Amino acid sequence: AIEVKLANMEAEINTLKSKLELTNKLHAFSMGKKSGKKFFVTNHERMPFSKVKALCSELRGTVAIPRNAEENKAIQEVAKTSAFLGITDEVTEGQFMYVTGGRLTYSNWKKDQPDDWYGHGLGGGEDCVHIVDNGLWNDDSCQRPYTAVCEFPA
């Protein structure tokens, strides 16, 4: 009895592992994940950068990062409105880096940006990045609430 029951429960567990994997695949498909490509998701909520970062982390993802003009456009389509990107110069002013580390290999800065402007009156300069109309980028205060868009691996 005991060992037979144990061997079965082992099979039951493996079966559930398989079903959950299938469930995740179906969910990814329904969320718009294209075959073999990274995908973006949002709940359309606006919040400060630290909050977006913490939320995406909780979902085992990261703040959306465009690596080319295609993904940049993709992020816009998902967000609809301006959203934070996983890029900041919080560590060293003027040196933007991906929140996952490393220098930028692609950028789409609006003319005259980034400028670390203080005039937004929120205190401090601007160490965060968000997409604006036309898909261009602007550095803004990490305190401003922008649409949370998380990214998940291809």
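Heads up: residue numbers just count along the shown sequence, starting at 1.
J.: Using only the Cα atoms and their B-factors as the entry lists them, report which of 93-101 and 29-37 averages higher.
T.: Comparing 93-101 with 29-37, the higher average CA B-factor belongs to 93-101.
J.: Per the entry, where is the mean C-alpha temperature factor higher: 117-125 or 50-58?
T.: Comparing averages over the C-alpha atoms only gives 117-125.
J.: Looking at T15, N134, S141, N24, which has the highest CA B-factor as recorded?
T.: Highest CA B-factor of the listed options: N134.
J.: Should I65 be placed in the lowest, middle or highest third of its chain by the C-alpha B factor in the entry?
T.: Its C-alpha B-factor belongs to the middle third of this chain's values.
J.: Split into thirds by Cα B-factor across the chain's modelled residues, where does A148 land: lowest, middle or highest?
T.: Bottom third by C-alpha B-factor.
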